[PDB]
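*Asks:* need a structure here:
(10 chains, ligands or ions: 3)
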Amino acid sequence: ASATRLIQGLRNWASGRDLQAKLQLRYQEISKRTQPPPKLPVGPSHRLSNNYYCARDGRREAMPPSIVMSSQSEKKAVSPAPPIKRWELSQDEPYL
Amino acid sequence: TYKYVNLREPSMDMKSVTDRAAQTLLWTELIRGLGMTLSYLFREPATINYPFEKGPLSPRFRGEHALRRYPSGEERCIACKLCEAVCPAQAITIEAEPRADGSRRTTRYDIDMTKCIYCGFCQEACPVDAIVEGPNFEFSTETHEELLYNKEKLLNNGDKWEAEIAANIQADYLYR
Amino acid sequence: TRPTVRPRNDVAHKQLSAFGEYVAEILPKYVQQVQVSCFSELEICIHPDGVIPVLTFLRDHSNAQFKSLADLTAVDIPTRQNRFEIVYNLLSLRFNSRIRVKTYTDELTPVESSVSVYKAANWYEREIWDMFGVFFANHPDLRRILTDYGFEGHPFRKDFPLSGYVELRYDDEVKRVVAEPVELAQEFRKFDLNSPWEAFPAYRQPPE
Amino acid sequence: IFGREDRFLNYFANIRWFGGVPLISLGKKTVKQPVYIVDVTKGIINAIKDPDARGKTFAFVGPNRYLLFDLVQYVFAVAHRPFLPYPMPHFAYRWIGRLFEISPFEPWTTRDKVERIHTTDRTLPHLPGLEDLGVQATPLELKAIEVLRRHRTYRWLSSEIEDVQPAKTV
Amino acid sequence: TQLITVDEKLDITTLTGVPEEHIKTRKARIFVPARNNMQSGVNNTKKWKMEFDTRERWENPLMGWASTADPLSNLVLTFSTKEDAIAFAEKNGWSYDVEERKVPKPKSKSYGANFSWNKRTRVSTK
Amino acid sequence: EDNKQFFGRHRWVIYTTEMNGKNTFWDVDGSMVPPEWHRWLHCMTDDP
Amino acid sequence: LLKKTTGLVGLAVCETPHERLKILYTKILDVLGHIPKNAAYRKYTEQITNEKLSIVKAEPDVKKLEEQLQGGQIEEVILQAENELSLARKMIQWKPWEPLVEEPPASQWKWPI
Amino acid sequence: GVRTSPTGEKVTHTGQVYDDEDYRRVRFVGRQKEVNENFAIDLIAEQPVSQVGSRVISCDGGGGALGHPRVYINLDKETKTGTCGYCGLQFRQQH
Amino acid sequence: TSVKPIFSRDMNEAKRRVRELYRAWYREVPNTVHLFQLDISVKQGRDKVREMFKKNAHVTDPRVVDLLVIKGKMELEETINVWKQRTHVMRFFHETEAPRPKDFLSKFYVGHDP
Amino acid sequence: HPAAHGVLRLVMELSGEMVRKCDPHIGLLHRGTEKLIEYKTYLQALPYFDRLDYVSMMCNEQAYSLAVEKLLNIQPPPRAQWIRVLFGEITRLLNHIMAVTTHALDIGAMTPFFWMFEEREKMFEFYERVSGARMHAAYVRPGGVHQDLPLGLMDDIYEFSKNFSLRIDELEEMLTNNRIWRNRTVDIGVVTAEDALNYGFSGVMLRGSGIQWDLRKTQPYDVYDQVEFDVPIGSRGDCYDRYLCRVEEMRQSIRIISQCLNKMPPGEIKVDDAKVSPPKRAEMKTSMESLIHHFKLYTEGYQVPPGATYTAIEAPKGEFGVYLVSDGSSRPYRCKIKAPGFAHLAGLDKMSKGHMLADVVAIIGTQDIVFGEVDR
Ligand code: SF4
Ligand code: SF4
Ligand SMILES: [Zn+2]
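*Replies:* Numbering: from 1, shown residues only, chains lettered A, B, ... in the order given. Ligands and ions are numbered 1, 2, ... in the order given. There you are, the coordinates:
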């Protein structure tokens, strides 16, 4: 955004779009290189009361895999999951 | 949740067929591509003038390694060997012994820059902020063994870039 | 256990257990073990002699339709007499699921190739021949795919060391890249990082 | 010493540009026994490692003694080039030998190169050789093809080592 | 029947690609590792290990690093039982030394023994 | 500095012709910048 | 409906889905008739194929049949029927309803070691 | 405080110096040996001892989160001064 | 003790396959000498083939020798087409490695290795 | 060769110019990654995944982190999940720009390469601002992310995502409507749906063949079920439909980036389990348990419960899978990386039947293949 108006007009005609609204070169609109210092918050476990680790352990709740059939009725046939629902068409740009 | 890309059916009427035939015989979209190149001819190029015009960076940048000091002259490292235990490429070699005043200080601190992957595990596993990854990246050498930094080179780099390393740490220490 | 512990899926666990019982009762000749992990994954440990009659079933049955072969893997565990564990990962797009089929073999006994089931395995098990030495019988083109042309030995075996027995360097007398016995300038420092205290009591093996 | 980067076999293979490789009385009076470069290098290495090699004066020679005419014939037979020698006197050889030395760059030949090429190799059996340093002398027939494969044309570039007649030694 | 009868011992020495120098000169050791006495945990003494003898390690001329020429310097193998380790050892043609597992002897602890009446097990202080 | 130019071109340096006893009239170097100016030149801060 | 394309590449439009599906399902049932009754594969395949054949017979339309068969397009349903028939022939050839071939070793499926 | 070896080579703060008969000095001829002239022991010996009026003291090295972990130093002994493990600063009870 | 065979039911079929592989290698050697432009004779290549075949001469297991035959056929296929370079073919001739000490005295002189 | 992606050896039997057989010899970039992964801890093997797909770094980071978190029975905080999804979509834009521009470069259009590498440089600047390294960030870790965003990054991402639509419009004006571009891609490399399914193809290879399958819609992960986006579907299986699918995926990635920018929640960045994620550096220098956990995490590492799992994500090249087997120690017993490039290069032989030399190079380009992930 420093070129003269003739060059901007010829450029806009040749491109077919408006390039002055969206320039690929950054300018003073970007964020400043210096910022105020932040204050990051704490998580949900930063408490002084009722914070026992045995009640919120993640690794210790893992279990060995549940072995079902091992070699040491008229039930229905079963799939691994119900069949996936049919995908709906896009309502924004259906291209149809 | 899906769209039918490239399934549009072309028209059939005489005006659109004449338009398509005119585009075929007169090459309209080739002129469109020529016009787009001509538009890109008249823009400001994004080329910076190195080495007078350095590219933008961040205070978190990882480059050459350095050893810091306390603000009294004492070197910060107390030879805890966390950095060589967390270095994934085993670039850090540490050997330590008690010195004259009984302080736990290093005797050998070697970083192989050709082994180092520049990921900042050592600068984030250091409990006393001793080893840091400075912002310098223009340190290419002409010989392989010059990229084998001992303790003296790292201490000299720390004394050379302390005035920048301290400012970068002061900028970025609240995110850690 | 709300904000940190990963949530548990029980419907998928029940469905996978039911499908594991279904597969085990359909094929009692080859299926040895069926297990469901805590994060809802199904493992079917089968006999090697049923590598082909199981997989095609999962490829062709109307209730399985595992049309995709995601990954073919091999695991080297030297503590067993059948040290090699070949694992197939199958993806079913119709029923939106994943299954795992495991089998065992040693160095000498060949196992039947599944190129007649999934053609992607045409490369995949070939990779195993490059890195574990498991010979896949009835293969179209079985040769090395990742290692050097004159390379000897299978690198991903656990008894194979990290650095190889040879290294390449340029020699100006013979004007050639030559292979020499390895001499590391700095040894790979082996670290003993195992904690001597028991971590998970749920996996405590009973003593002898 | 002959090798890949030498100036002994390559010189003989490069005489063919000028003409028909002239010699002094066809080169049938001078006897030469060239030696491989790797044999000399191994001899030097062993002499460095030998505590009993200090103070000696070794003489490194090849295994077979050839005449110059048959040596040039074998060189041109390995290189697969036509070999048409012709008599040329000794005094006229230095006259054109000094013509090539007036170049400011590296000269192609000098009078001294002509003198040393047409000088027969003396035999000194009293001086210890490569065998006393534990080095076996590699014959010219094993490495001549490796040296001279660069000078062949495209027509005979793919011919093997054994498709040649070895020269007669004395 | 698609099965054959093989009566000879196992031999995968010619298929593993190891050179003979690191086959006929190596001496493997099969052992339960010793507990670290600075600690008190016993979880590191559960599985048998196969280790190899230590070869020459010298100093680098440039940096003083520990240069080596032994490819099997950092090869530790883990086995559940002694028989599996010995079968893996004789399968690959390695001469081996087997060390027996040293289970500690159980004691007879007694807190009252610190307060005996006519014995020498009285604690001087506590 | 000239902030009217686009980002990446708003700060530049003209190197000297004499640095540590070397004639650097032509052979300019990117490592000839002191660190206190290396912070500002590489756009790491807004304060010189 | 007379669909111009099925939406997938290399899959042709089937003009008569009902008759082809009936033919394939009847052929599958006739092939599964040879398998012994105590094999669970015969019972399960017969159950699902009889349910699918009742669905195909009951619905005269194409879109409603596709939406209530839960298989997507009718062409992949026909392809799945063909694959089921091929599996039925291979299962007759294999006979996997026999007991287990061999017990595994005692330390074969134990993790961790 | 860098001393000079009789060969002319400089001695580092560790005390490393190549011997007269050591061949590895060929790496230094025509070039320089990189040593640091700011010795940490001499610079920490110039720091004055801080007099405080408490039995125990807390040291973090200064700067808060930019220093070492905070430790506690006892100053019961009056013959010697309690020294920080990380920073090397020494404190003394003034009584 | 009943195992699954790979190719040979007994030792006879396995040694027949070994014989056929040796015939194929002996026929193939002059072509690899000619195409790779090696500086060695055909007899040297054939004696190297014989040495590599006699290196594994102590194998008395049908499955192991079947795998050896498979690997030899793989190497033969890799050298019929030019997939190996000159370096890969010449790596069978250790031209750059000095011969190690053999007797006890020289091994005692040069290092601690047995 | 400028056509091959760095290291690739096609031995091609040609009938003059028409290809009769293609033999892709690979392994020139085999580094032996998944043995050294077994020889290192989990945090030490985390930067290994930045170099498999060296244009999809945080996607592989997210795959490895999801596998380790599944084995650890923990989950990251919501802000970490939103950051991971936003940077995954930025990474998808990076990979798709690389794929389309390099493919057009081997076809012959070298100008959109220079047009889109400026946007690539801007995204690399975002990477450097958020992690400190331009490509190999090592940012996504098991338990969330390593560090929080620097202030003012969201506005820069917003401006870049504002102008990137015009950049894509310029590229599509250049390449899509061109007749010469069509003549190289209209009837080249047609793959049927069944042959794509049976060859282990995943991602765009399926989606260009009309197969409706996306792992962010069918088997979604952390917060991909909370965003809204469309899935492009091809019709003919040629290179043209898949190029159009990639461009539409760039558009939908921009849509997801905007949705993630407008919906970022406050909170932390790591899990609060200090036995898995390291504590804050201010807490390490003050508390005792924090220092002990910092020591034992940066020396030994956390202990993963024993077991095996297979975690797959939708990388821009397709299904990216990790098979992780842990024996209860602090180092992985086995870690196999399933990359789509292996299956795509395996199917390249059937892809290039009856085609020409330039058709073979177009087929090579239309599969976005990097060989670090192919050779592992
Ligand atoms: S940056 Fe990473 S690779 Fe380099 S020395 Fe530090 S820990 Fe090692
Ligand atoms: S982590 Fe820091 S204090 Fe510890 S040894 Fe390394 S540099 Fe020294
Ligand atoms: Zn202090």
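*Asks:* can you pull out the strands in the chain?
*Replies:* Here I'm looking at chain A. With DSSP state E as the criterion, chain A has strands at A:66-69.
*Asks:* not quite, go with chain I.
*Replies:* Secondary structure of chain I, counting by DSSP E: strands at I:2-3.
*Asks:* next one: chain E
*Replies:* Using DSSP E, strands in chain E cover E:4-5, E:27-31, E:48-51, E:57-59, E:66-68, E:77-79, E:95-98.
*Asks:* neighbours of residue 52, how many?
*Replies:* Defaulting to chain A. Applying other Cβ atoms under 10 Å in any protein chain shown, we find 8 residues neighbouring residue A:52. C-betas here are computed from N, CA, C, even on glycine.
*Asks:* try again with chain H
*Replies:* Residue H:52 - counted by other Cβ under 10 Å - has 15 other residues nearby.
*Asks:* which residues are in contact with it?
*Replies:* The contact partners of residue H:52, by Cβ atoms under 8 Å, 6 or more residues apart in numbering or on different chains, come to H:75, H:91-94.
*Asks:* and these, which is closest to residue F:12?
*Replies:* When the contacts of residue H:52 are compared for distance to residue F:12 (Cβ to Cβ), residue H:91 wins out at 50.6 Å.
*Asks:* any part of the helix or strand containing the closest one near ligand 3?
*Replies:* Here residue H:91 is covered by strand H:90-93, with elements defined by DSSP states H and E. No - counting by Cβ under 5 Å from the ion, ligand 3 is not contacted by strand H:90-93; separation bottoms out at 9.4 Å.
*Asks:* then stretch J:114-130 to CSV, C-alphas only?
*Replies:* Extracted in CSV, the C-alpha atoms of stretch J:114-130 (Å, rounded to 0.1, in the frame of the first residue of the first chain):
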residue,chain,number,x,y,z
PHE,J,114,6.5,-18.9,-4.8
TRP,J,115,2.9,-17.5,-4.3
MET,J,116,2.1,-19.9,-1.3
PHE,J,117,5.5,-20.2,0.3
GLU,J,118,5.0,-16.7,1.7
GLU,J,119,2.0,-18.0,3.7
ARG,J,120,4.1,-21.0,4.6
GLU,J,121,6.7,-18.7,6.0
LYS,J,122,4.0,-16.9,8.0
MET,J,123,2.8,-20.1,9.5
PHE,J,124,6.4,-21.0,10.3
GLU,J,125,6.6,-17.7,12.1
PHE,J,126,3.6,-18.7,14.1
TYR,J,127,5.3,-22.0,14.9
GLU,J,128,8.5,-20.2,16.0
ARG,J,129,6.5,-17.8,18.2
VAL,J,130,4.6,-20.6,19.9
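*Asks:* need the strands for chain C, in chain order.
*Replies:* For chain C, applying DSSP E gives strands covering C:31-36, C:42-46, C:68-76, C:84-92, C:97-105, C:111-112, C:136-137, C:166-171, C:176-181.
*Asks:* redo these as JSON lines? Include distance to residue E:118.
*Replies:* Formatted as JSON lines, these follow (distance: least, Cβ to Cβ, whole Å):
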{"stretch": "strand C:31-36", "distance to residue E:118": "62"}
{"stretch": "strand C:42-46", "distance to residue E:118": "65"}
{"stretch": "strand C:68-76", "distance to residue E:118": "64"}
{"stretch": "strand C:84-92", "distance to residue E:118": "64"}
{"stretch": "strand C:97-105", "distance to residue E:118": "65"}
{"stretch": "strand C:111-112", "distance to residue E:118": "74"}
{"stretch": "strand C:136-137", "distance to residue E:118": "78"}
{"stretch": "strand C:166-171", "distance to residue E:118": "74"}
{"stretch": "strand C:176-181", "distance to residue E:118": "72"}
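*Asks:* can you add distance to residue E:120 and mean neighbour count and give the ones you listed back as TSV?
*Replies:* TSV is the format used below for those (distance: least, Cβ to Cβ, whole Å; neighbours: other Cβ atoms under 10 Å in any protein chain shown):
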stretch	distance to residue E:120	mean neighbour count
strand C:31-36	58	22
strand C:42-46	61	23
strand C:68-76	58	23
strand C:84-92	59	23
strand C:97-105	61	22
strand C:111-112	69	18
strand C:136-137	73	17
strand C:166-171	67	13
strand C:176-181	64	16
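*Asks:* what are the buried residues along stretch F:27-36?
*Replies:* By neighbour count with 16 or more other Cβ atoms under 10 Å in any protein chain shown, stretch F:27-36 contains the buried residues F:32-33, F:35.
*Asks:* same question, stretch A:84-96
*Replies:* Buried residues in stretch A:84-96, defined by neighbour count with 16+ other Cβ under 10 Å: A:84, A:87, A:90.
*Asks:* and what of stretch D:134-144?
*Replies:* D:135, D:137-138, D:140-141, D:143-144.
*Asks:* between those residues, which is nearest chain H?
*Replies:* In terms of Cβ to the nearest Cβ, no member of these lies closer to chain H than residue D:135, at 27.8 Å.
*Asks:* test my guess that that closest one contacts residue D:45.
*Replies:* No - look at residue D:135 against residue D:45 with Cβ atoms under 8 Å: they stay out of range, at 9.0 Å.
*Asks:* neighbours around the nearest residue to residue J:49 once chain neighbours are set aside, how many?
*Replies:* Leaving out its chain neighbours, the residue that sits closest to residue J:49 by Cβ to Cβ, 6 or more residues apart in numbering or on different chains is residue J:60, at 4.0 Å. Residues lying near residue J:60 (other Cβ under 10 Å) number 26.
*Asks:* how far away is residue J:60 from residue J:144?
*Replies:* 17 Å (Cβ to Cβ, to the nearest Å).
*Asks:* cool, residue I:110 as well?
*Replies:* Relative to residue J:144, residue I:110 is positioned 57 Å away (Cβ to Cβ).
*Asks:* so which of these two has more stuff around it?
*Replies:* Using other Cβ under 10 Å as the criterion, residue I:110 and residue J:144 rank with residue J:144 on top: 27 against 10.
*Asks:* now do stretch J:187-202: distance to the chain's middle.
*Replies:* Mean-position distance between stretch J:187-202 and its chain equals 21 Å (Cα atoms, centre = their mean, to the nearest Å).
*Asks:* gap between the two ends of that stretch?
*Replies:* Taking Cα to Cα, to the nearest Å, stretch J:187-202 runs 21 Å from one end to the other.
*Asks:* what residues does chain A put near chain G?
*Replies:* Residues of chain A found near chain G (Cβ under 8 Å from any Cβ of the partner chain) are A:71, A:76-77, A:83, A:86.
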